[PDB]
$ cat entry_32.txt   # compact mmCIF, C-alpha atoms
# COMPACT_ATOMS: atom_id res chain seq x y z
CA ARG A 298 -139.98 110.17 -144.70
CA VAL A 299 -143.82 109.96 -144.20
CA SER A 300 -145.35 110.87 -147.64
CA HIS A 301 -148.61 112.96 -147.75
CA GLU A 302 -150.15 109.81 -149.40
CA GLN A 303 -148.95 107.33 -146.68
CA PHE A 304 -150.56 109.72 -144.11
CA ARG A 305 -153.94 109.98 -146.00
CA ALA A 306 -154.07 106.12 -146.09
CA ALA A 307 -153.50 106.06 -142.26
CA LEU A 308 -156.65 108.29 -141.83
CA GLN A 309 -158.54 106.49 -144.69
CA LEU A 310 -159.08 103.59 -142.16
CA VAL A 311 -159.91 105.47 -138.86
CA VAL A 312 -162.43 107.87 -140.62
CA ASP A 313 -165.95 107.26 -142.09
CA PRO A 314 -165.39 106.65 -145.85
CA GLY A 315 -167.31 108.59 -148.57
CA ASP A 316 -168.23 112.22 -149.50
CA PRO A 317 -170.23 114.07 -146.76
CA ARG A 318 -171.26 116.85 -149.28
CA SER A 319 -173.95 114.23 -150.29
CA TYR A 320 -176.17 114.76 -147.14
CA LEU A 321 -174.97 118.30 -146.05
CA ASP A 322 -175.83 121.60 -147.91
CA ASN A 323 -175.84 124.91 -145.89
CA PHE A 324 -172.02 125.52 -145.56
CA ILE A 325 -171.23 128.95 -143.92
CA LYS A 326 -168.02 129.78 -141.89
CA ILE A 327 -168.68 130.58 -138.14
CA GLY A 328 -165.05 130.89 -136.85
CA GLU A 329 -161.39 129.83 -137.38
CA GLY A 330 -158.99 127.86 -135.10
CA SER A 331 -155.20 127.41 -135.66
CA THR A 332 -155.89 123.92 -137.23
CA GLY A 333 -158.60 125.09 -139.74
CA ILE A 334 -162.19 126.51 -140.07
CA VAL A 335 -165.37 125.52 -138.06
CA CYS A 336 -167.87 126.07 -140.98
CA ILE A 337 -171.46 125.07 -139.85
CA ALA A 338 -173.74 122.97 -142.17
CA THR A 339 -177.38 121.67 -142.33
CA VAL A 340 -178.42 117.95 -142.80
CA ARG A 341 -180.87 117.10 -145.65
CA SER A 342 -182.79 114.12 -144.07
CA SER A 343 -183.16 115.34 -140.41
CA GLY A 344 -182.94 119.08 -141.36
CA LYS A 345 -180.76 119.68 -138.22
CA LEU A 346 -177.77 122.08 -137.67
CA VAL A 347 -174.25 120.49 -137.20
CA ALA A 348 -170.66 121.95 -137.04
CA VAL A 349 -168.10 120.66 -139.67
CA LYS A 350 -164.40 121.28 -138.70
CA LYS A 351 -162.35 121.23 -142.00
CA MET A 352 -158.53 120.88 -141.46
CA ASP A 353 -155.95 120.73 -144.35
CA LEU A 354 -153.47 117.78 -144.03
CA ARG A 355 -150.68 119.53 -146.07
CA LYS A 356 -150.99 122.91 -144.21
CA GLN A 357 -150.10 121.65 -140.67
CA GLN A 358 -147.12 122.28 -138.29
CA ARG A 359 -147.63 118.94 -136.42
CA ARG A 360 -149.66 116.78 -138.90
CA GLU A 361 -149.84 113.57 -136.74
CA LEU A 362 -151.98 115.55 -134.17
CA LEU A 363 -155.04 115.43 -136.57
CA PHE A 364 -155.70 111.91 -135.09
CA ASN A 365 -156.22 113.43 -131.55
CA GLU A 366 -159.58 114.88 -132.81
CA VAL A 367 -162.01 111.94 -133.59
CA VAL A 368 -159.75 109.49 -131.56
CA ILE A 369 -160.81 111.35 -128.32
CA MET A 370 -164.32 112.49 -129.50
CA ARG A 371 -164.91 108.66 -129.62
CA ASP A 372 -163.62 106.18 -126.90
CA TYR A 373 -163.65 109.32 -124.60
CA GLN A 374 -167.38 110.37 -124.72
CA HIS A 375 -168.85 112.36 -121.73
CA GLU A 376 -171.61 114.94 -120.85
CA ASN A 377 -169.00 117.79 -120.56
CA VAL A 378 -167.26 116.68 -123.85
CA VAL A 379 -168.55 117.57 -127.40
CA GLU A 380 -170.38 114.77 -129.34
CA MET A 381 -168.98 113.87 -132.84
CA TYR A 382 -171.58 112.33 -135.26
CA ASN A 383 -169.15 111.37 -138.11
CA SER A 384 -165.65 112.16 -139.55
CA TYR A 385 -164.91 111.94 -143.35
CA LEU A 386 -161.88 112.69 -145.62
CA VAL A 387 -162.30 115.12 -148.61
CA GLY A 388 -159.66 116.27 -151.19
CA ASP A 389 -156.71 117.29 -148.92
CA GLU A 390 -158.95 118.20 -145.88
CA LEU A 391 -160.16 116.32 -142.72
CA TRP A 392 -163.91 117.05 -142.07
CA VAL A 393 -165.24 116.25 -138.51
CA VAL A 394 -169.10 116.59 -138.32
CA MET A 395 -169.95 117.55 -134.67
CA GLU A 396 -172.88 118.69 -132.45
CA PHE A 397 -173.78 122.42 -132.88
CA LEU A 398 -173.38 124.19 -129.46
CA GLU A 399 -175.94 127.09 -129.27
CA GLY A 400 -174.27 128.86 -126.28
CA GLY A 401 -171.13 129.52 -128.41
CA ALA A 402 -167.58 130.05 -126.98
CA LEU A 403 -166.64 131.22 -123.42
CA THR A 404 -164.13 133.75 -124.97
CA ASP A 405 -167.20 135.93 -125.81
CA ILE A 406 -168.70 135.88 -122.22
CA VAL A 407 -165.46 136.62 -120.22
CA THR A 408 -164.31 139.50 -122.55
CA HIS A 409 -167.67 141.40 -122.86
CA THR A 410 -169.24 140.60 -119.39
CA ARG A 411 -168.01 139.92 -115.79
CA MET A 412 -169.04 136.45 -114.42
CA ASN A 413 -169.92 136.19 -110.67
CA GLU A 414 -168.32 133.39 -108.53
CA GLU A 415 -171.34 130.97 -108.74
CA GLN A 416 -171.05 131.04 -112.61
CA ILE A 417 -167.18 130.77 -112.57
CA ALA A 418 -167.39 127.77 -110.13
CA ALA A 419 -169.91 125.95 -112.45
CA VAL A 420 -167.44 126.20 -115.43
CA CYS A 421 -164.36 124.98 -113.40
CA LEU A 422 -166.47 122.06 -111.98
CA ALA A 423 -167.62 120.84 -115.47
CA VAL A 424 -164.01 121.03 -116.88
CA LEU A 425 -162.54 119.08 -113.87
CA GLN A 426 -165.36 116.43 -114.23
CA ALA A 427 -164.24 116.07 -117.92
CA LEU A 428 -160.46 116.21 -117.09
CA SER A 429 -160.76 113.75 -114.10
CA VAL A 430 -162.09 111.14 -116.66
CA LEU A 431 -159.39 112.02 -119.30
CA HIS A 432 -156.47 112.16 -116.74
CA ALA A 433 -157.70 108.83 -115.16
CA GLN A 434 -157.55 107.16 -118.66
CA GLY A 435 -154.21 109.01 -119.24
CA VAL A 436 -155.10 111.99 -121.54
CA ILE A 437 -153.50 115.51 -121.39
CA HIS A 438 -155.60 118.25 -123.14
CA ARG A 439 -152.57 120.60 -123.55
CA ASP A 440 -154.63 123.62 -124.89
CA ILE A 441 -157.13 124.58 -122.08
CA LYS A 442 -158.62 128.14 -122.44
CA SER A 443 -162.05 129.92 -122.80
CA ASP A 444 -161.64 129.53 -126.65
CA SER A 445 -161.74 125.67 -126.26
CA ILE A 446 -164.86 125.74 -123.93
CA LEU A 447 -168.32 125.75 -125.68
CA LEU A 448 -171.84 126.03 -124.08
CA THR A 449 -175.36 124.68 -124.96
CA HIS A 450 -178.81 126.44 -125.01
CA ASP A 451 -179.03 125.24 -121.33
CA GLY A 452 -175.54 126.75 -120.70
CA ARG A 453 -174.10 123.23 -119.97
CA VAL A 454 -170.25 123.37 -120.40
CA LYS A 455 -168.60 121.26 -123.20
CA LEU A 456 -164.75 120.89 -123.45
CA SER A 457 -163.64 120.98 -127.17
CA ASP A 458 -160.67 121.57 -129.60
CA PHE A 459 -159.05 118.20 -128.58
CA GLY A 460 -156.49 118.51 -131.48
CA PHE A 461 -153.89 119.53 -128.80
CA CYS A 462 -154.34 116.59 -126.33
CA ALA A 463 -151.80 113.74 -125.69
CA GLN A 464 -151.85 110.03 -124.55
CA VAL A 465 -149.54 108.69 -121.73
CA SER A 466 -148.81 105.04 -120.66
CA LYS A 467 -146.74 103.10 -118.02
CA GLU A 468 -144.00 102.88 -120.76
CA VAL A 469 -144.18 106.64 -121.73
CA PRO A 470 -145.80 108.45 -118.73
CA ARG A 471 -144.58 112.02 -119.66
CA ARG A 472 -143.81 114.10 -122.83
CA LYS A 473 -141.42 116.97 -123.89
CA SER A 474 -143.25 118.25 -127.09
CA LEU A 475 -144.23 122.00 -126.74
CA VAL A 476 -148.04 122.29 -127.38
CA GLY A 477 -150.73 124.82 -126.26
CA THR A 478 -151.47 128.61 -126.13
CA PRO A 479 -148.40 130.55 -124.83
CA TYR A 480 -150.32 132.37 -122.01
CA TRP A 481 -152.30 129.34 -120.59
CA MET A 482 -149.09 127.14 -120.54
CA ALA A 483 -147.66 125.65 -117.28
CA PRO A 484 -143.97 126.54 -116.57
CA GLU A 485 -142.63 122.90 -116.73
CA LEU A 486 -144.03 122.78 -120.34
CA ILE A 487 -142.64 126.30 -121.16
CA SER A 488 -139.21 125.06 -119.81
CA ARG A 489 -139.41 122.01 -122.23
CA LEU A 490 -139.29 119.34 -119.43
CA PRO A 491 -141.13 116.04 -118.76
CA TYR A 492 -144.76 117.25 -118.07
CA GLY A 493 -147.60 115.00 -116.76
CA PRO A 494 -151.38 115.74 -116.74
CA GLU A 495 -151.05 118.63 -114.16
CA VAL A 496 -150.28 121.08 -117.09
CA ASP A 497 -154.13 121.27 -117.58
CA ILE A 498 -154.62 122.22 -113.85
CA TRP A 499 -152.31 125.31 -114.30
CA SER A 500 -154.04 126.12 -117.67
CA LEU A 501 -157.48 125.92 -115.89
CA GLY A 502 -155.92 128.34 -113.32
CA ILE A 503 -154.99 130.80 -116.15
CA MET A 504 -158.62 130.49 -117.47
CA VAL A 505 -159.88 131.56 -113.95
CA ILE A 506 -157.69 134.75 -114.34
CA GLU A 507 -159.20 135.11 -117.88
CA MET A 508 -162.75 134.60 -116.38
CA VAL A 509 -162.13 137.30 -113.67
CA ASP A 510 -159.75 139.80 -115.42
CA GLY A 511 -161.32 139.16 -118.90
CA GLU A 512 -157.89 138.52 -120.55
CA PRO A 513 -155.10 136.19 -119.28
CA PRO A 514 -151.79 137.23 -117.60
CA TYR A 515 -149.14 139.21 -119.62
CA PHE A 516 -151.57 138.98 -122.64
CA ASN A 517 -150.73 142.54 -123.92
CA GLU A 518 -147.00 141.45 -124.01
CA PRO A 519 -145.49 139.55 -127.00
CA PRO A 520 -145.88 135.72 -126.93
CA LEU A 521 -142.21 134.67 -126.30
CA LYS A 522 -141.64 137.20 -123.42
CA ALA A 523 -145.05 136.26 -121.81
CA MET A 524 -143.75 132.63 -121.46
CA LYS A 525 -140.30 133.73 -120.05
CA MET A 526 -142.26 135.71 -117.36
CA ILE A 527 -144.52 132.66 -116.48
CA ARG A 528 -141.35 130.43 -116.35
CA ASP A 529 -138.94 132.78 -114.44
CA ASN A 530 -141.22 134.99 -112.24
CA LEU A 531 -143.74 134.10 -109.43
CA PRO A 532 -147.19 132.50 -109.99
CA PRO A 533 -149.37 135.22 -111.65
CA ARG A 534 -152.05 136.99 -109.49
CA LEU A 535 -155.48 138.72 -110.01
CA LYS A 536 -155.96 142.54 -110.30
CA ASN A 537 -159.41 142.12 -108.59
CA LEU A 538 -157.87 140.21 -105.59
CA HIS A 539 -160.17 142.36 -103.31
CA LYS A 540 -163.54 141.37 -104.95
CA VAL A 541 -162.82 137.55 -104.85
CA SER A 542 -164.00 135.42 -101.83
CA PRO A 543 -161.57 133.66 -99.40
CA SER A 544 -162.62 130.30 -101.02
CA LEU A 545 -161.82 131.28 -104.69
CA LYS A 546 -158.28 132.64 -103.90
CA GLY A 547 -157.64 129.40 -101.89
CA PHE A 548 -158.92 127.29 -104.87
CA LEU A 549 -156.80 129.18 -107.51
CA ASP A 550 -153.69 128.84 -105.21
CA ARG A 551 -153.88 124.99 -105.72
CA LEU A 552 -154.24 125.46 -109.56
CA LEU A 553 -151.35 128.00 -109.97
CA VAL A 554 -148.54 125.99 -108.22
CA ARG A 555 -145.17 126.25 -110.11
CA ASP A 556 -143.90 122.80 -108.90
CA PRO A 557 -146.06 120.18 -110.72
CA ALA A 558 -145.53 117.64 -107.83
CA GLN A 559 -147.15 120.23 -105.44
CA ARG A 560 -149.87 121.33 -107.99
CA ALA A 561 -153.26 119.65 -107.19
CA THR A 562 -154.70 116.82 -109.38
CA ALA A 563 -158.16 116.69 -111.09
CA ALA A 564 -159.73 114.31 -108.46
CA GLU A 565 -158.35 116.41 -105.51
CA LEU A 566 -159.97 119.70 -106.73
CA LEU A 567 -163.50 118.14 -107.13
CA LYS A 568 -163.66 117.94 -103.26
CA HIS A 569 -162.52 121.62 -102.75
CA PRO A 570 -165.33 123.68 -101.07
CA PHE A 571 -165.37 126.53 -103.71
CA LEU A 572 -167.21 124.30 -106.30
CA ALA A 573 -170.23 124.29 -103.87
CA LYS A 574 -170.85 127.92 -105.13
CA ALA A 575 -171.34 126.42 -108.68
CA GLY A 576 -174.75 127.74 -109.92
CA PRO A 577 -177.12 125.90 -112.33
CA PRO A 578 -176.08 125.90 -116.04
CA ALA A 579 -179.27 128.05 -116.61
CA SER A 580 -177.59 130.97 -114.67
CA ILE A 581 -175.05 131.35 -117.59
CA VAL A 582 -177.90 131.85 -120.18
CA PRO A 583 -178.37 135.64 -119.55
CA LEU A 584 -174.59 136.34 -120.15
CA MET A 585 -174.77 134.71 -123.67
CA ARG A 586 -174.50 137.26 -126.61
CA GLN A 587 -177.81 135.91 -128.11
CA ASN A 588 -179.62 137.32 -124.97
CA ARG A 589 -177.17 140.31 -124.47
CA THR A 590 -178.73 143.71 -125.49
CA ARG A 591 -175.40 145.71 -125.38

$ encode --input "entry_32.txt" --output "structure tokens"
Amino acid sequence: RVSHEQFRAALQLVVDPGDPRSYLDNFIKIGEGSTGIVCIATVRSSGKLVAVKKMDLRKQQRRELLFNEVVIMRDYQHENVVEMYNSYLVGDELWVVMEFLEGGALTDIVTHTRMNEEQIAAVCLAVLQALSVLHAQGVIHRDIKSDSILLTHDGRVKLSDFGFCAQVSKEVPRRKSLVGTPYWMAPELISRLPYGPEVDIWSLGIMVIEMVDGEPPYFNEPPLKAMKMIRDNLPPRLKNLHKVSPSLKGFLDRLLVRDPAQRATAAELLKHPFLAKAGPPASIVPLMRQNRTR
């Protein structure tokens, strides 16, 4: 029996108090996640562009996850993680004022264009460098996908949408809770078992299929049957298994391991040769819609 009020009071302390509508003006909606809207605003004083994630407290499936965002954006800061400026509380909504990422989402790049290996390797590297820090401090970002990955004007990768991450300790080292995007889920999570931080390594594997094949495995299928197939059947494979290098296939084989105990860790993968192909963040800039002619 956690009242809507008792909850608000819990956030009232962890957030920046006051009304952010005081110093922000140019509110226009850019996109929409499962949690809420990512409406972008302009500052009055600086005159700079910032993203403002509004999320309703009442309209939530798992309400106590709202903490994840802000609680990870701070205490877990990094070059390949999004920067949060502030976080306020308004009416019945949670407003998180964040850095504006000019490059946009990865979803756009993979669907419309085909990335070469040197670009794909750069993205995987940046994510692992972010994960290796999170996993080491005991964090599981349980919703890894192209939709959660944002890019800068440089093309520098930034992991985002932390709402679906989880904390683990020596007391509670694993979790059962079912969280993430059906298609990018690891089997042990789909099966509703104790899952450690290796769920993200499978999910990163599914993103590599998304990066190559444009969409993830069994995507055209319904959501419930897609999971049954990932859980029951063999590790999913690429359609373009002929175009990929010997290195990439060998890399992805360590990501898409069904048995979590056998599936590679974050630290392990950083040493893998494939990530030597990783091209400069500037090599992603041409593939960004802004510069795409169509």

$ residues_around --input "entry_32.txt" --residues "residue 514 in chain A" --least-positions-apart "2" --cutoff "9 Å" --atoms "all atoms listed in the file" --output "number ranges by chain"
A: 480-481, 503, 506-507, 510, 512, 516-517, 523, 527, 533-535

$ residues_around --input "entry_32.txt" --residues "range 402-407 of chain A" --least-positions-apart "5" --cutoff "6 Å" --atoms "all atoms listed in the file" --output "list in words"
residues 443, 444, 446, 447, 508 and 511 of chain A

$ residues_around --input "entry_32.txt" --residues "residue 469 in chain A" --least-positions-apart "6" --cutoff "12 Å" --atoms "all atoms listed in the file" --output "list in words"
residues 435, 463, 491, 492 and 493 of chain A

$ atom_distance --input "entry_32.txt" --atom1 "CA of residue 380 in chain A" --atom2 "CA of residue 347 in chain A"
10.5 Å

$ closest_residue --input "entry_32.txt" --among "A:310, A:428, A:394, A:348" --to "residue 325 in chain A" --atoms "only C-alpha atoms"
A:348

$ closest_residue --input "entry_32.txt" --among "A:459, A:540, A:485, A:425" --to "residue 502 in chain A" --atoms "only C-alpha atoms"
A:425

$ residues_around --input "entry_32.txt" --residues "range 559-563 of chain A" --least-positions-apart "6" --cutoff "8 Å" --atoms "only C-alpha atoms" --output "ChimeraX atom specification"
/A:425-426,428-429,432,495,498-499,551-553

$ closest_residue --input "entry_32.txt" --among "A:445, A:300, A:408, A:319" --to "residue 331 in chain A" --atoms "all atoms listed in the file"
A:445

$ residues_around --input "entry_32.txt" --residues "residue 521 in chain A" --least-positions-apart "4" --cutoff "10 Å" --atoms "all atoms listed in the file" --output "PyMOL selection string"
chain A and resi 479-480+487+525-526

$ atom_distance --input "entry_32.txt" --atom1 "CA of residue 442 in chain A" --atom2 "CA of residue 455 in chain A"
12.1 Å

$ atom_distance --input "entry_32.txt" --atom1 "CA of residue 299 in chain A" --atom2 "CA of residue 360 in chain A"
10.4 Å

$ closest_residue --input "entry_32.txt" --among "A:383, A:410, A:500, A:544" --to "residue 513 in chain A" --atoms "only C-alpha atoms"
A:500

$ closest_residue --input "entry_32.txt" --among "A:454, A:420, A:464, A:541" --to "residue 504 in chain A" --atoms "only C-alpha atoms"
A:420

$ closest_atom_pairs --input "entry_32.txt" --of "range 385-495 of chain A" --to "range 576-586 of chain A" --cutoff "7 Å" --atoms "all atoms listed in the file" --output "tab-separated table"
residue	atom	partner	partner_atom	distance
A:400	CA	A:585	CA	6.4
A:406	CA	A:584	CA	6.3
A:410	CA	A:584	CA	6.9
A:415	CA	A:576	CA	4.8
A:416	CA	A:576	CA	5.6
A:419	CA	A:576	CA	5.7
A:451	CA	A:579	CA	5.5
A:452	CA	A:578	CA	4.8
A:453	CA	A:578	CA	5.1

$ closest_residue --input "entry_32.txt" --among "A:398, A:422, A:505, A:393" --to "residue 567 in chain A" --atoms "all atoms listed in the file"
A:422

$ build_atoms --input "entry_32.txt" --residues "range 559-582 of chain A" --atoms "N, CA and C atoms" --output "mmCIF file, in the frame of the given file"
data_model
loop_
_atom_site.group_PDB
_atom_site.id
_atom_site.type_symbol
_atom_site.label_atom_id
_atom_site.label_comp_id
_atom_site.auth_asym_id
_atom_site.auth_seq_id
_atom_site.Cartn_x
_atom_site.Cartn_y
_atom_site.Cartn_z
ATOM 1 N N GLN A 559 -146.377 119.516 -106.490
ATOM 2 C CA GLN A 559 -147.150 120.230 -105.440
ATOM 3 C C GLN A 559 -148.517 120.657 -105.993
ATOM 4 N N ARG A 560 -148.607 120.927 -107.302
ATOM 5 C CA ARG A 560 -149.870 121.330 -107.990
ATOM 6 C C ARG A 560 -150.905 120.212 -107.830
ATOM 7 N N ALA A 561 -152.134 120.578 -107.453
ATOM 8 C CA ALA A 561 -153.260 119.650 -107.190
ATOM 9 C C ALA A 561 -153.590 118.858 -108.457
ATOM 10 N N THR A 562 -154.215 117.690 -108.286
ATOM 11 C CA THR A 562 -154.700 116.820 -109.380
ATOM 12 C C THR A 562 -156.146 117.204 -109.707
ATOM 13 N N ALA A 563 -156.747 116.531 -110.690
ATOM 14 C CA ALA A 563 -158.160 116.690 -111.090
ATOM 15 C C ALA A 563 -159.065 116.241 -109.928
ATOM 16 N N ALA A 564 -158.917 114.980 -109.505
ATOM 17 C CA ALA A 564 -159.730 114.310 -108.460
ATOM 18 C C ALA A 564 -159.733 115.159 -107.177
ATOM 19 N N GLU A 565 -158.547 115.561 -106.709
ATOM 20 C CA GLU A 565 -158.350 116.410 -105.510
ATOM 21 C C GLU A 565 -159.338 117.587 -105.535
ATOM 22 N N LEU A 566 -159.289 118.381 -106.608
ATOM 23 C CA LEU A 566 -159.970 119.700 -106.730
ATOM 24 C C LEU A 566 -161.491 119.537 -106.636
ATOM 25 N N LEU A 567 -162.038 118.421 -107.132
ATOM 26 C CA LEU A 567 -163.500 118.140 -107.130
ATOM 27 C C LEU A 567 -164.058 118.277 -105.706
ATOM 28 N N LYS A 568 -163.255 117.946 -104.687
ATOM 29 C CA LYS A 568 -163.660 117.940 -103.260
ATOM 30 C C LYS A 568 -163.574 119.345 -102.656
ATOM 31 N N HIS A 569 -162.742 120.226 -103.225
ATOM 32 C CA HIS A 569 -162.520 121.620 -102.750
ATOM 33 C C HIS A 569 -163.866 122.312 -102.516
ATOM 34 N N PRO A 570 -164.039 123.072 -101.405
ATOM 35 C CA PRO A 570 -165.330 123.680 -101.070
ATOM 36 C C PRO A 570 -165.896 124.643 -102.128
ATOM 37 N N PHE A 571 -165.027 125.438 -102.763
ATOM 38 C CA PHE A 571 -165.370 126.530 -103.710
ATOM 39 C C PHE A 571 -166.434 126.086 -104.724
ATOM 40 N N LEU A 572 -166.333 124.850 -105.224
ATOM 41 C CA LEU A 572 -167.210 124.300 -106.300
ATOM 42 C C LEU A 572 -168.633 124.061 -105.774
ATOM 43 N N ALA A 573 -168.881 124.277 -104.477
ATOM 44 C CA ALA A 573 -170.230 124.290 -103.870
ATOM 45 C C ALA A 573 -171.001 125.537 -104.340
ATOM 46 N N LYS A 574 -170.289 126.638 -104.619
ATOM 47 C CA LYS A 574 -170.850 127.920 -105.130
ATOM 48 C C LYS A 574 -171.454 127.721 -106.527
ATOM 49 N N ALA A 575 -170.928 126.757 -107.296
ATOM 50 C CA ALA A 575 -171.340 126.420 -108.680
ATOM 51 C C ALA A 575 -172.858 126.534 -108.836
ATOM 52 N N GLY A 576 -173.323 127.496 -109.642
ATOM 53 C CA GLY A 576 -174.750 127.740 -109.920
ATOM 54 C C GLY A 576 -175.251 126.891 -111.084
ATOM 55 N N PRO A 577 -176.585 126.757 -111.274
ATOM 56 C CA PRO A 577 -177.120 125.900 -112.330
ATOM 57 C C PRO A 577 -176.677 126.394 -113.701
ATOM 58 N N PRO A 578 -176.446 125.490 -114.683
ATOM 59 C CA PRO A 578 -176.080 125.900 -116.040
ATOM 60 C C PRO A 578 -176.986 127.002 -116.628
ATOM 61 N N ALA A 579 -178.246 127.071 -116.182
ATOM 62 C CA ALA A 579 -179.270 128.050 -116.610
ATOM 63 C C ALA A 579 -178.869 129.484 -116.223
ATOM 64 N N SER A 580 -178.036 129.652 -115.189
ATOM 65 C CA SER A 580 -177.590 130.970 -114.670
ATOM 66 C C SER A 580 -176.545 131.611 -115.591
ATOM 67 N N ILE A 581 -176.029 130.864 -116.577
ATOM 68 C CA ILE A 581 -175.050 131.350 -117.590
ATOM 69 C C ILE A 581 -175.807 131.958 -118.779
ATOM 70 N N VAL A 582 -177.071 131.561 -118.969
ATOM 71 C CA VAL A 582 -177.900 131.850 -120.180
ATOM 72 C C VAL A 582 -178.022 133.356 -120.404
#
